[PDB]
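Colleague: Can you keep this structure in mind? I'll have questions shortly.
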Amino acid sequence: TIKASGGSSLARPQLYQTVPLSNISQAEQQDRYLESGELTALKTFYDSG
Amino acid sequence: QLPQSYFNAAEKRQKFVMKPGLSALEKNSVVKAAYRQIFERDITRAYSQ
Amino acid sequence: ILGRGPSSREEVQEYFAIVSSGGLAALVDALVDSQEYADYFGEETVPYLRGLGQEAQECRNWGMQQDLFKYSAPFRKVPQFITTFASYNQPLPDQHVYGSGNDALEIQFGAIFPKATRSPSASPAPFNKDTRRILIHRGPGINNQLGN
Amino acid sequence: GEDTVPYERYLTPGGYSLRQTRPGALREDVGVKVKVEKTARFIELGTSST
Amino acid sequence: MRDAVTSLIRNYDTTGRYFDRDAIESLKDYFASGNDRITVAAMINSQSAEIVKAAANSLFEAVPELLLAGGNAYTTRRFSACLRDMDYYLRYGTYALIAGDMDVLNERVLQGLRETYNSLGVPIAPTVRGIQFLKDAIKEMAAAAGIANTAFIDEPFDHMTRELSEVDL
Amino acid sequence: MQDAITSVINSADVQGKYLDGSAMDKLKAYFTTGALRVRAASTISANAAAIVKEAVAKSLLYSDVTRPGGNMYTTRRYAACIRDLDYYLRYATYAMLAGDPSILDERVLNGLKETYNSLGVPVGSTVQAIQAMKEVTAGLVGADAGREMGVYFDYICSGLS
Amino acid sequence: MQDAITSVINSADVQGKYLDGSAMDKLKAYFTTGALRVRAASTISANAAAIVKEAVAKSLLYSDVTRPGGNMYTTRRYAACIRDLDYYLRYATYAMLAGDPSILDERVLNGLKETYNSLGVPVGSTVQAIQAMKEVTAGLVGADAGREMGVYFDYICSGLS
Amino acid sequence: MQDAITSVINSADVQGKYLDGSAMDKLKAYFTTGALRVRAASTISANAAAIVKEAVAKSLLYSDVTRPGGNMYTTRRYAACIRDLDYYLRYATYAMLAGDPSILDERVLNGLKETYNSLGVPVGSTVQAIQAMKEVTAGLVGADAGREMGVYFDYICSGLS
Amino acid sequence: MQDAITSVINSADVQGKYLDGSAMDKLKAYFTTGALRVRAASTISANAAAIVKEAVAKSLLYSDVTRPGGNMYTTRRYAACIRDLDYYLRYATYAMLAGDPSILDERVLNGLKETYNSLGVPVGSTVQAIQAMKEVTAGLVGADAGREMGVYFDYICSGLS
Amino acid sequence: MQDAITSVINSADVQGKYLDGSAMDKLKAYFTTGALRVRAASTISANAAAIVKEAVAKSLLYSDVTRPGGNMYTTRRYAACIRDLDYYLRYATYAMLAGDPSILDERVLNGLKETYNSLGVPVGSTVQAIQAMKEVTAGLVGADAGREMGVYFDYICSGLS
Amino acid sequence: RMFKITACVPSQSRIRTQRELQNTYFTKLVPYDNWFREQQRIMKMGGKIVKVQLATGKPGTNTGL
Amino acid sequence: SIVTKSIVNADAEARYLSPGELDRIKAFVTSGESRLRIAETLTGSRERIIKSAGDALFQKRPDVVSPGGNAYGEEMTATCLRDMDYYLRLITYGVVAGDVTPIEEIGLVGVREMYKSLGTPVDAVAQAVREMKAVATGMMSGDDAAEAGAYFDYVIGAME
Amino acid sequence: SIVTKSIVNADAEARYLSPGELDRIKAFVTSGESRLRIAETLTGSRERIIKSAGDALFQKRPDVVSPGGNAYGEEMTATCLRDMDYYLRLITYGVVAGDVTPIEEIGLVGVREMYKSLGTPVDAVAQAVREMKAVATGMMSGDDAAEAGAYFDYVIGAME
Ligand SMILES: *[C@H](C)[C@H]1/C(=C/c2[nH]c(/C=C3N=C(/C=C4\NC(=O)C(CC)=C4C)C(C)=C\3CCC(=O)O)c(CCC(=O)O)c2C)NC(=O)[C@@H]1C
Ligand SMILES: CCC1=C(C)/C(=C/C2=NC(=C\c3[nH]c(/C=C4\NC(=O)[C@H](C)[C@H]4CC)c(C)c3CCC(=O)O)/C(CCC(=O)O)=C2C)NC1=O
Ligand SMILES: CCC1=C(C)/C(=C/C2=NC(=C\c3[nH]c(/C=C4\NC(=O)[C@H](C)[C@H]4CC)c(C)c3CCC(=O)O)/C(CCC(=O)O)=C2C)NC1=O
Ligand SMILES: CCC1=C(C)/C(=C/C2=NC(=C\c3[nH]c(/C=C4\NC(=O)[C@H](C)[C@H]4CC)c(C)c3CCC(=O)O)/C(CCC(=O)O)=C2C)NC1=O
Ligand SMILES: CCC1=C(C)/C(=C/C2=NC(=C\c3[nH]c(/C=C4\NC(=O)[C@H](C)[C@H]4CC)c(C)c3CCC(=O)O)/C(CCC(=O)O)=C2C)NC1=O
Ligand SMILES: CCC1=C(C)/C(=C/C2=NC(=C\c3[nH]c(/C=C4\NC(=O)[C@H](C)[C@H]4CC)c(C)c3CCC(=O)O)/C(CCC(=O)O)=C2C)NC1=O
Ligand SMILES: CCC1=C(C)/C(=C/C2=NC(=C\c3[nH]c(/C=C4\NC(=O)[C@H](C)[C@H]4CC)c(C)c3CCC(=O)O)/C(CCC(=O)O)=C2C)NC1=O
Ligand SMILES: CCC1=C(C)/C(=C/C2=NC(=C\c3[nH]c(/C=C4\NC(=O)[C@H](C)[C@H]4CC)c(C)c3CCC(=O)O)/C(CCC(=O)O)=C2C)NC1=O
Ligand SMILES: CCC1=C(C)/C(=C/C2=NC(=C\c3[nH]c(/C=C4\NC(=O)[C@H](C)[C@H]4CC)c(C)c3CCC(=O)O)/C(CCC(=O)O)=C2C)NC1=O
């Protein structure tokens, strides 16, 4: 018998990469707002959608 | 062991390297990353500590 | 410093012995000068958190590393790693069958439960359905109703 | 059984451990032994009679 | 970790007594069947990556949804993660076959496996049926190789699927 | 346990101030949405068992959790699962009527994570079941009543995760 | 962490089906709103500190919480409050850009209630501060961009409450 | 609470498989040992009080624990000690009959360490008392029935320590 | 729960010895102070509500804790505060009569810190209230009876802090 | 972590008031007792290992806990027990110097009960060990310095129990 | 006191773990108290130590570090 | 099982096993061979039991397979035969264990709540177990049919 | 610039440039012509920008030119207009580079420490860049004024 347990919160690992995820996580891991050219990368991803 | 299929499909973390050659804001952002990782929150710019 | 939780009980034994000899100074001294910090980070890279996509995880250390890779981790004031690592080998604990939060304080006017939302002190333990708790009789004792 | 109001019959080990093993509520046998408290034998021998 | 010897040692240590007749008989019982465990372990070390694959294909023939759409062994990332998990089960089953005690399985496999699997969405049920497809494969392969007794081979996988098991009885 | 009115009164009382114009506007917003809340609560009280069984038929049926080894395997576990989903729908209806999720973290989300972690209940599968329940009831009561149901369903899923 | 595109792909993949017409229509809706999302994100990145300080000037200033005894009293507590509000505005901008609030309950609303309840942080006062931040940024970026910001601001306030 | 039969059935059911030859062999082993288990249980039910009082006469009598200051000092503590030893012998008989120690960690070893640590009960002295009880009953019922009693007595001493 | 007599008997019994001269001297000290204890207990039973209301009038009235935001604000909280102070005075009277503070840490100070920390009750303000209650009752019953009341009042304040 | 001075300043600051006469009197009391606190801290720093080993020689030696089966059995467990007792004496010295037990429940009594309950450490035996340590150091430094040490030793024993 | 050391430490574990690259051949000021475990650790990983030089020590003192 | 029930019933009473309970366990231990023979009889011919019992059930209660009933369609009839297979498996478990605590403790506690949440008539399920009992006791000798029909009887009794 | 930022952000991540970053660099490469036109607009009329912005600043904030302020006197007002010329030059650099790393990496990091060591009110400097932004966006077409006002906006935001 297992006699103890840790708190298992469900964790969702990223199954693959998309572009807005990639730019948002890049700007996030540096702890800043999205700078102007990040927003341009997102913008020309949107116009090309 | 972790399969490479699990690693390439993952939330890829930015590794901040301190080389002495680097530009000056790069050393600034890397020192910012070290303050964020050790102190768990960015203690400069939010307390000027 | 290392970007992960302690993954064994012997690791917590070893590094608390180091803390006990020489404070925060010798703790950071022993953490930075490992083979682990030198292999993962070397001399140039900042330490980083190693979640379940970065490297191979272990099932024994999982629910507590999930705690540590949060921002509520300086508010878990209860030591989680040593308690789960010590309480893995022992028998079951004295906690309510469902969760460890329903154990009320035994005072005259209750409705005092350690709520999950104020302090994280959560020790879930797998109780089966036919377990019976051990209670102390308030009285002489030999008329403990399991026996008399 | 329809004559008495209830009363607290059982404690958990957490609640009993809370109330009894507090220092003023404590006895002094409860957990390790206590040795016997005799007077010194040289004081007993130095008295004025058996 | 504990083998059978350190299990008997910790059993006799907590009371502070020396070995009696029966402790020497149980130590002789571990030391006599030691060679059998070691040729079984070497025969498993022969075909580990073959046995893991064969048990995986027999499990996927058993439960066919996991290769299909909504299943958890869906993509090749999930397929490779499942086959690496079966490699873990065979590895620590070999370690418990050599040790003769279930403490390596308890300390390094079964403690908190259910937490990770319940969180990630990994099912616990075909995991167990795959563990004992591994057990059945190991059992018939080592019974084919001249070994008379298979109770020690029976031991660790039966323990591992008594522990991941859901008690509903 | 407090609705939008009691929380507004509690904020104005902890201030010690009278009810100013912002509190009046908040109470006017609640008194405009209340009739829609009433009609959605009646429509949800109509179809409790149907919404629950459609949520199980969407998510949990024919998966591994109803097979042997799953935590929804036995008839006792199936009945307790239907019981848990009926609880989630009932308390989401209560939080929709109050317009405040204080009842959810007071009376559902209090020790629910530790209970489910002690029992071995999968939290992701029950989060998917609550999400399918939300999808079914948002198909039932419409767009905006489904949204104001789904905010408390998302509150339950966030506190559970 | 998933945007509208990744959630649509995850639904079609958990189905195991190809992308049918409803998924194409959802992605067309996101690819029409994305330019407005980009321009609102640039306008919000312009005025981070102004929106934060106007939110404090609307709600938290000159009340009891900045007086002695309040939880926003000291300079450390004031700086941490400005930090928390900057976090809420930054993550609301991220959830506006993604078009999905999965980042909010993944990375803001995860242990935030228990942290604030352990510290003694008032949840109603910070909910009013986030509401004033929403009101200021909806005055900044317009009607519909303010609405698609306010849906994630309301998500943060609902998960906090 | 499960015997050897119920644990074999639970393993074959968690597998989802039918009862193969290894399960048949395990049940044949239990159905061969069951008559010896029955006769040893009758012989132990014969001499409950004698085995308990011989265990106290071997270990706990004339030591410090029955003297003043010991935890077995008073008549209340002596009666509770005899009660605890009768519990250990009775549940070891039950675990011998079932052929599985699940009842021991379900109903003896559950909160026993924390109870004894809260009361101040010496765990080493009661482990020696259970060991002397094992020695006496193994002298009573013979070699192999004494061994299959002593495996559950060692289980109780291991869970207590 | 034990007075001076029962604690002396418990010490002599845990020794296993008879009552020697030091125990006789301790019991003579208690049997000399007992009449003063009786008269002080009658005088305190005379003026329970007066001592409680004078303690609130000295410490807690007209401060911030009776104002909005304080923990003594509402009528429910005021009534519970008067109830808590009546408990402290009643149990201090009991510990004065017994001559031993075992009832205080058995039945007041057991879970009181954790209760007050879970509720949000200020411990310093209630310690000042108990100190003013001590000052008032020491003005009531005199110098030495006030001192032997104040030793148990200081015991309650020390266990609370 | 706060001494008597920092707690007085924190009370006067949470009031928002200046330091009135009662705060001046409290600080005068601390500034009179501080030299005695300093000399007792030096005398305790003199004899750390002697006080610890005399506490083990009084309580824990030659009992069941140092015998086989006890939790103080092995050399690892003996060394960890000496380490734990040195921690209790060191932090009681710190709380004596500060004149406030905030460091004890901040840094000793925080997760100590749950740690000891997870390890299987007897709490009553370690409470008796801390009581014997208190008795030895009160024999060392005198009556009143021993009392102001024993108030924090009783704080540690109360938080442990 | 501090040692201005210069060393080159190949990893011999990057092939298995497939990590990215840290530049070896460092020149750093190590504190005197943990220079021991650092030199020992560089010898554990198998790296050669090029140059050890005492930087701030003024060697031969008894107090004042 | 029998041993679990005797151990628990002596366990609440704070006593050992009475000698009458001990010869009860002894008689069950001796009759385990016939129990295993009945279990092999029920296990080896499960295909014909499930097939013929489903045929006789849908002959007897045709409305549940008609459009409008629960078990209408291919996969619904397959799930219906799967539920009958579950109940025959629990019958085999109860035959081996010598008592109905496997059957009750697995598949009879919340059976009403589950089949009400699925929309299933429970009387038609009782008819399914009745036809399974008819085919199974048509397959054995007399005392074997009585001993298996005891557990089949318990399942149909626990339905209604 | 944009290329530096994309290269560094892929460089820490130990990966190549993602295709979204590559079309970001491509779109910046195509918009470089309009960036150079905005740069010529800002460069050729720097005299009128600095003159009119200084006039509107000293009209708006007259205390810094009154005796007692920092920019009081001939050479102090000349140094004030020189600091405004520096910031307009950095605006032109940030317009060409497509990102604010020239502006931040040259004249915005220790701007508070420098202007505190000089005794300068930084809000009046923010008003100087505000008047420069007013004159400059009064000088261009709509999208050109928006693209230049983004960098002017960054400078005034990095002041306070
Ligand atoms: C395969 C037959 C089954 C299956 C497996 C599966 N597992 C995962 C992910 C993980 N599995 C583990 C397991 C272990 N870690 C350990 O340390 C041990 C003991 C040695 C075990 C058994 C862990 C930690 C993970 C997380 C990934 C990681 O290692 O970091 C997946 C991927 C799940 C996903 O979707 O991401 C899969 C598919 N799934 C099945 O369906 C089979 C039943
Ligand atoms: C069925 C599983 C089960 C067990 C085992 C159990 C034990 C148990 N033993 C107890 C006490 C006790 N147990 C002992 C026993 C001992 N102390 C010694 O010194 C000896 C070494 C040892 C006996 C061999 C004593 C002396 C007490 C009384 C403690 C007291 O009254 O202070 C108590 C305290 C309440 C009461 O007496 O009635 C419980 C609950 N409860 C259970 O539900
Ligand atoms: C989304 C992209 C993607 C693909 C395609 C994928 C395929 C994939 N093909 C598999 C097997 C297989 N695939 C094939 C056949 C073929 N394979 C081919 O690509 C040919 C078209 C064809 C032969 C002409 C066969 C015969 C097997 C069974 C292999 C085995 O027995 O292990 C398996 C092992 C599980 C299974 O049995 O299905 C995976 C995961 N995984 C992915 O993530
Ligand atoms: C009112 C607030 C509240 C809730 C929600 C609550 C839940 C709760 N759910 C439980 C069990 C359960 N809950 C589930 C539910 C699930 N397992 C699955 O596989 C599915 C994913 C999921 C259903 C959608 C199951 C199967 C059990 C039974 C576990 C068992 O019997 O072993 C138990 C165990 C005790 C008992 O069944 O009666 C509790 C206390 N209690 C409460 O007081
Ligand atoms: C004990 C540590 C502490 C400090 C310092 C503190 C400051 C503080 N100053 C404030 C306002 C202010 N403080 C000033 C003060 C000044 N402006 C000037 O021009 C002068 C140079 C200077 C004072 C001589 C002004 C003008 C405001 C109002 C700001 C506004 O209304 O926008 C406010 C917001 C309103 C309020 O709740 O009081 C806080 C919290 N709070 C604290 O807890
Ligand atoms: C990115 C997701 C995320 C959030 C939101 C987060 C919040 C967070 N806010 C905190 C504190 C705080 N948060 C506040 C904020 C407030 N108190 C008030 O009175 C106001 C109503 C309200 C501001 C509007 C204050 C005052 C503190 C400091 C508490 C203290 O120092 O005692 C802390 C305590 C540790 C520290 O300050 O650095 C955390 C972890 N952490 C995270 O990871
Ligand atoms: C006999 C031993 C014993 C004590 C002492 C005891 C105290 C106790 N005091 C309580 C509440 C309380 N106690 C106080 C008292 C105070 N708050 C303040 O601001 C003042 C400083 C202080 C009074 C001097 C208040 C205001 C509450 C109510 C809390 C609430 O309703 O939220 C509660 C919460 C439940 C209830 O009110 O009925 C308990 C159990 N219980 C016991 O069994
Ligand atoms: C071992 C104890 C046990 C039982 C009994 C059990 C029943 C069970 N029956 C189900 C469905 C079902 N069972 C039936 C069965 C019937 N309908 C009829 O008309 C006939 C009278 C009858 C069978 C002869 C049908 C039609 C469904 C499908 C219900 C639906 O699709 O809505 C389902 C949902 C899908 C699934 O995961 O299988 C469960 C869990 N599960 C268990 O673990
Ligand atoms: C490219 C980045 C950059 C900047 C910004 C910079 C500023 C700078 N401004 C200076 C002086 C100054 N700058 C000002 C400017 C102002 N005072 C006011 O009242 C107005 C609000 C404001 C201008 C509109 C004044 C008055 C001085 C003289 C300070 C003194 O003489 O003490 C000086 C010292 C003298 C010198 O060597 O020029 C430096 C280095 N240097 C740089 O490399």
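Numbering starts fresh at 1 for the residues of each chain in the structure tokens, the chains themselves are lettered A, B, ... in the order given, and ligands are numbered from 1 as they appear.
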Just the residues within 9 Å of segment 134-139 of chain E, please, counting only C-alpha atoms, with nothing from its chain fewer than 2 positions along; format it as a VMD selection string.
Modeller: chain E and resid 40 44 51 to 52 54 to 56 86 89 to 90 93 129 to 132 141 to 144 150 153 to 154 156 to 158
Colleague: Can you write just those residues out, N, CA, C and O atoms, as a tab-separated table (two decimals), in the first residue's frame?
Modeller:
```tsv
chain	number	residue	atom	x	y	z
E	40	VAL	N	17.95	-15.29	-14.81
E	40	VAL	CA	16.74	-14.65	-15.33
E	40	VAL	C	17.02	-13.19	-15.67
E	40	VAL	O	16.59	-12.69	-16.72
E	44	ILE	N	16.90	-11.42	-19.33
E	44	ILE	CA	16.11	-10.22	-19.59
E	44	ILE	C	16.98	-9.12	-20.18
E	44	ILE	O	16.57	-8.42	-21.12
E	51	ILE	N	11.49	-7.22	-25.60
E	51	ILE	CA	10.39	-7.61	-24.73
E	51	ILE	C	9.45	-6.44	-24.48
E	51	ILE	O	8.22	-6.60	-24.47
E	52	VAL	N	10.02	-5.23	-24.33
E	52	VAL	CA	9.21	-4.04	-24.11
E	52	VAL	C	8.33	-3.75	-25.31
E	52	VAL	O	7.13	-3.48	-25.17
E	54	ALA	N	7.34	-6.00	-27.59
E	54	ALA	CA	6.35	-7.06	-27.75
E	54	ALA	C	5.20	-6.92	-26.76
E	54	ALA	O	4.03	-7.10	-27.13
E	55	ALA	N	5.51	-6.56	-25.51
E	55	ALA	CA	4.46	-6.31	-24.53
E	55	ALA	C	3.64	-5.08	-24.89
E	55	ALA	O	2.43	-5.05	-24.65
E	56	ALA	N	4.27	-4.08	-25.52
E	56	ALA	CA	3.53	-2.91	-25.97
E	56	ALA	C	2.56	-3.26	-27.09
E	56	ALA	O	1.42	-2.80	-27.08
E	86	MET	N	7.15	1.71	-20.38
E	86	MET	CA	7.26	0.26	-20.29
E	86	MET	C	8.71	-0.19	-20.11
E	86	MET	O	8.96	-1.20	-19.44
E	89	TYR	N	9.30	0.12	-16.45
E	89	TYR	CA	8.69	-0.96	-15.69
E	89	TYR	C	9.51	-2.23	-15.78
E	89	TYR	O	9.71	-2.91	-14.77
E	90	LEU	N	10.04	-2.53	-16.96
E	90	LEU	CA	10.89	-3.71	-17.09
E	90	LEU	C	12.22	-3.54	-16.36
E	90	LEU	O	12.73	-4.49	-15.75
E	93	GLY	N	11.52	-3.84	-12.68
E	93	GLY	CA	11.17	-5.23	-12.43
E	93	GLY	C	12.38	-6.13	-12.40
E	93	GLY	O	12.45	-7.07	-11.61
E	129	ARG	N	-2.16	-3.43	-17.26
E	129	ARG	CA	-2.26	-4.57	-18.17
E	129	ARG	C	-1.01	-4.73	-19.03
E	129	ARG	O	-0.62	-5.85	-19.34
E	130	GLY	N	-0.32	-3.63	-19.34
E	130	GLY	CA	0.95	-3.72	-20.02
E	130	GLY	C	2.07	-4.25	-19.13
E	130	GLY	O	2.94	-4.98	-19.61
E	131	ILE	N	2.06	-3.87	-17.84
E	131	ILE	CA	3.01	-4.42	-16.88
E	131	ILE	C	2.88	-5.93	-16.80
E	131	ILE	O	3.87	-6.67	-16.78
E	132	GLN	N	1.66	-6.43	-16.85
E	132	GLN	CA	1.57	-7.88	-16.73
E	132	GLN	C	1.57	-8.59	-18.08
E	132	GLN	O	1.77	-9.80	-18.12
E	141	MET	N	9.20	-16.78	-21.26
E	141	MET	CA	10.54	-16.82	-21.84
E	141	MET	C	11.54	-17.47	-20.90
E	141	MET	O	12.40	-18.24	-21.34
E	142	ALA	N	11.42	-17.21	-19.60
E	142	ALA	CA	12.34	-17.83	-18.65
E	142	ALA	C	11.92	-19.24	-18.28
E	142	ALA	O	12.76	-20.03	-17.83
E	143	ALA	N	10.64	-19.58	-18.44
E	143	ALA	CA	10.24	-20.97	-18.29
E	143	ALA	C	10.66	-21.79	-19.49
E	143	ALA	O	10.83	-23.01	-19.39
E	144	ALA	N	10.82	-21.15	-20.65
E	144	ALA	CA	11.37	-21.85	-21.80
E	144	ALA	C	12.85	-22.12	-21.64
E	144	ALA	O	13.37	-23.10	-22.19
E	150	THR	N	9.22	-20.17	-11.02
E	150	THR	CA	8.87	-18.86	-11.56
E	150	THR	C	8.11	-18.00	-10.55
E	150	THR	O	7.43	-17.05	-10.94
E	153	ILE	N	9.84	-14.55	-10.30
E	153	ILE	CA	9.44	-13.76	-11.46
E	153	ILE	C	8.02	-13.27	-11.27
E	153	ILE	O	7.67	-12.16	-11.70
E	154	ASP	N	7.20	-14.04	-10.56
E	154	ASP	CA	5.81	-13.69	-10.34
E	154	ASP	C	5.69	-12.50	-9.38
E	154	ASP	O	4.86	-11.62	-9.59
E	156	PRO	N	7.43	-9.42	-8.48
E	156	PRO	CA	7.49	-7.95	-8.52
E	156	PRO	C	6.41	-7.31	-9.38
E	156	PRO	O	5.90	-6.25	-9.01
E	157	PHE	N	6.04	-7.93	-10.49
E	157	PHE	CA	4.98	-7.37	-11.31
E	157	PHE	C	3.62	-7.51	-10.64
E	157	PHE	O	2.78	-6.61	-10.75
E	158	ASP	N	3.41	-8.61	-9.91
E	158	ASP	CA	2.19	-8.76	-9.12
E	158	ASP	C	2.13	-7.74	-8.00
E	158	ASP	O	1.05	-7.23	-7.69
```
Colleague: Could you please extract the residues within 6 Å of ligand 7, counting only C-alpha atoms and all ligand atoms, and hand them back as a ChimeraX atom specification?
Modeller: /C:107-110 /I:71-72,77-78,80-81,84-85,87,107-108,119,121-122,125-126,129
Colleague: With N, CA, C and O atoms kept, could you save the residues just selected as a compact mmCIF listing (two decimals), in the first residue's frame?
Modeller:
```txt
# COMPACT_ATOMS: atom_id res chain seq x y z
N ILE C 107 -12.04 21.98 20.29
CA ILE C 107 -12.31 22.96 21.32
C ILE C 107 -13.81 22.96 21.58
O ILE C 107 -14.55 22.13 21.05
N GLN C 108 -14.25 23.90 22.41
CA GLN C 108 -15.64 23.88 22.85
C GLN C 108 -16.59 24.39 21.77
O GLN C 108 -17.72 23.90 21.67
N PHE C 109 -16.18 25.38 20.99
CA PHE C 109 -17.00 25.86 19.88
C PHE C 109 -16.18 25.74 18.61
O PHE C 109 -15.23 26.51 18.41
N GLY C 110 -16.57 24.81 17.75
CA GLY C 110 -15.75 24.52 16.60
C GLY C 110 -16.04 25.45 15.46
O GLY C 110 -16.00 26.67 15.62
N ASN I 71 -12.14 44.34 14.42
CA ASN I 71 -12.67 43.00 14.62
C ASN I 71 -13.73 42.95 15.70
O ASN I 71 -14.39 41.93 15.86
N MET I 72 -13.88 44.03 16.47
CA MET I 72 -14.95 44.13 17.44
C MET I 72 -16.09 45.00 16.95
O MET I 72 -16.78 45.62 17.76
N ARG I 77 -19.93 40.53 16.81
CA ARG I 77 -18.55 40.51 17.26
C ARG I 77 -18.42 41.11 18.66
O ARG I 77 -17.61 40.64 19.46
N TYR I 78 -19.24 42.11 18.98
CA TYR I 78 -19.22 42.66 20.33
C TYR I 78 -19.71 41.64 21.35
O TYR I 78 -19.12 41.48 22.42
N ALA I 80 -19.67 38.36 21.01
CA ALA I 80 -18.67 37.31 21.12
C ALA I 80 -17.45 37.77 21.91
O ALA I 80 -16.81 36.97 22.59
N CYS I 81 -17.13 39.07 21.85
CA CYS I 81 -16.01 39.58 22.64
C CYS I 81 -16.33 39.58 24.12
O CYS I 81 -15.48 39.22 24.95
N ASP I 84 -16.06 36.07 25.25
CA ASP I 84 -14.68 35.62 25.42
C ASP I 84 -14.07 36.17 26.70
O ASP I 84 -13.37 35.45 27.43
N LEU I 85 -14.37 37.43 27.03
CA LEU I 85 -13.84 38.02 28.26
C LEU I 85 -14.47 37.40 29.50
O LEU I 85 -13.80 37.23 30.52
N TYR I 87 -15.40 34.33 29.62
CA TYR I 87 -14.70 33.05 29.71
C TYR I 87 -13.36 33.20 30.42
O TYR I 87 -13.01 32.37 31.27
N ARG I 107 -8.16 23.76 29.04
CA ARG I 107 -9.49 24.11 28.58
C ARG I 107 -9.66 25.52 28.04
O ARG I 107 -10.73 25.83 27.51
N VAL I 108 -8.67 26.39 28.19
CA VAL I 108 -8.68 27.69 27.53
C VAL I 108 -7.59 27.76 26.49
O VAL I 108 -7.87 27.95 25.30
N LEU I 119 -9.57 33.07 12.85
CA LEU I 119 -10.66 34.03 12.76
C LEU I 119 -10.19 35.42 12.37
O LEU I 119 -10.98 36.19 11.81
N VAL I 121 -8.77 37.34 14.88
CA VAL I 121 -8.88 38.07 16.15
C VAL I 121 -7.53 38.63 16.52
O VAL I 121 -6.52 37.92 16.48
N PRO I 122 -7.43 39.93 16.87
CA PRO I 122 -6.16 40.49 17.34
C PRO I 122 -5.80 39.93 18.71
O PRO I 122 -6.61 39.97 19.64
N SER I 125 -4.71 43.05 21.33
CA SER I 125 -5.83 43.79 21.89
C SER I 125 -6.57 42.97 22.94
O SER I 125 -6.95 43.51 23.99
N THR I 126 -6.74 41.67 22.71
CA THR I 126 -7.35 40.85 23.74
C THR I 126 -6.41 40.59 24.91
O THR I 126 -6.89 40.43 26.04
N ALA I 129 -6.97 43.62 26.92
CA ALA I 129 -8.26 43.51 27.58
C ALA I 129 -8.20 42.62 28.81
O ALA I 129 -8.78 42.95 29.85
```
Colleague: Tell me the residues of chain H close to chain L, meaning within 8 Å using only C-alpha atoms, as a ChimeraX atom specification.
Modeller: /H:1-3,5-6,9,31,34-35,38,41-42,45,90,93-94,97-98
Colleague: Distance cut-off 7 Å, counting only C-alpha atoms - which residues of chain C neighbour chain G? Return them as a ChimeraX atom specification.
Modeller: /C:72,75,117-119
Colleague: What parts of segment 7-155 of chain J does DSSP call helix (DSSP H, G or I)? I'd like the answer as an MDAnalysis selection string.
Modeller: chainID J and resid 7:15 21:46 48:60 64:66 75:98 102:107 112:119 123:141 143:155
